[PDB]
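Presented as C-alpha cells, the chain that follows is alone, the form deposited in one PDB entry.
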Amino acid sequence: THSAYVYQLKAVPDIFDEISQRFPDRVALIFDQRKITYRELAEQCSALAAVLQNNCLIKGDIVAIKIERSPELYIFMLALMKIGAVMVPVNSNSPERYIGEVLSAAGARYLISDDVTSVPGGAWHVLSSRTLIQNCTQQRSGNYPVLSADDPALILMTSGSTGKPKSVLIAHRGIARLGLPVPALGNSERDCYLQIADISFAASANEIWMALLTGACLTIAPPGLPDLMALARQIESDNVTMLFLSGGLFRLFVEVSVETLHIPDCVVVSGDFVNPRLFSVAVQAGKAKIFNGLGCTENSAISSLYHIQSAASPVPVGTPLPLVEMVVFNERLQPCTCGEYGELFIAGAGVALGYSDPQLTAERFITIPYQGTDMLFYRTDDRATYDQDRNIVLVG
C-alpha cells in the first residue's frame, strides 16, 4: 500500500518495506567507507527480526538499546519496530548510574548492548547485539504483527522547564510522519542526512527517520563526542544535503568554520534559543538555507521550521511540518491574536501517547475544540505569540 491520502500513516516497518521495495538500489546507510543499500538493509532487518522473535521478544516488550553508532544500530531499530517492541534508546555516553535509572524508569525488560561488560545490572536481562547479529540466517520468514500508526514505538526521557523528569511514550505515527516530504526543505530520496544526534534524544529521529523513510541516505557519524574536523570531511565526502544541528554544534561551526554549513542545501538548528547574530553570520556566509527549528520530545521529532532570510526579538520558529498543527492559546484556551501572548500547544501526528505518569499526562495532553475538530493538544509550557505573517515566535 502506497496511499496518496497524506493523513493516512502506516506503522514504521510498513513504510520502510514500501521504501525499500521502491528504492532497493539506493544507498541507505554509510559508516566510514562501508555502504549498505535499501535492499541489503531490508534483508538484514528481516533476518534480525526473525532472530529477535525466536528469542521470545514480542510486540509490547520494553527493549532498551545501548549500541554505539554503527550500521548495526539502525538494523536493530528497524527490527525492533518490525516486531512491535518498544525501544528505549540509551545514551552510550552516560554514566552507568544514570542508565540504570533510565531503564528502571522505562520498565525495560531487556537491554541489547554492544558491550555487555559496561552495562548496569538490574531486573533487565542483558542481550549481546554482537551475538544476535551473528545468528542471523538467510531465512527471514516470520509471522509478524499487524501494527498500526498508534502502537507505541519508543520511550524517550525528557525534563520540564523546572527540571522535573518525564518518560514519554512515542507512537509509530510520530516518527512515521517524517516520511512525508517537508515542503520547506524540499527533501526527497536524493538527499543525504548526517546521524550525529544521540539516539536517546528525540532530535535523532530527524536524522534517522527522515532519511530511511524517504529513500534518502543516512551517513553515520563516528561514535563518541563530536570531532568537527571529521564531521566537516564527512559532510563533504558523503555529500550531506540536509544537516540537522543542535545549538552547540551550530554555534561552534559558526565560530570555527562557517563555510562548512554551506556545503549542504539546508541547515536546521533546533533545541533552544539561538543568538540571532549567529544566524546572521551563517546566512551571510553562503547560499545554504538556514532554519530555526522547533521540536519537543512530546511531539516525537522536529515540528516547525522558519527559514531565515534577512536582518529585520528571538527568531520565529515558523510554520509546522506536515500533519502538525501549532496554536498559541491564551489563558482561556482561545487562539491568540497577532501580538497577544499565550502558550504554544501542538497537535497532530507527532503528539506522544502520553507520559508514564497518568496525572501529568492529563495535565499536559488536553483536548480542545479547534477549527471544527476536538483536537488533542500537547501543552508545551513555551510562552509564545504570532508575528505579522502568522509565524510563531517563542518568547521565553
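Start at 1 and count along the sequence shown; that's the residue number. Between two forms, the rigid core is defined as the largest C-alpha subset superposing within 1.5 Å.
Another form exists, deposited in another entry; not displayed. Remarks below refer to it.
Taking the core as reference between the shown form and the other one, the lone member of 117, 162, 138, 134 whose Cα moves by 2 Å or more is 162. With a change of no less than 3 Å, the CA-CA distance between residue 203 and residue 161 is larger in the other form than in the form shown. Relative to the shown form, the CA atoms of residue 165 and residue 100 are brought 3 Å or more closer together in the other form.
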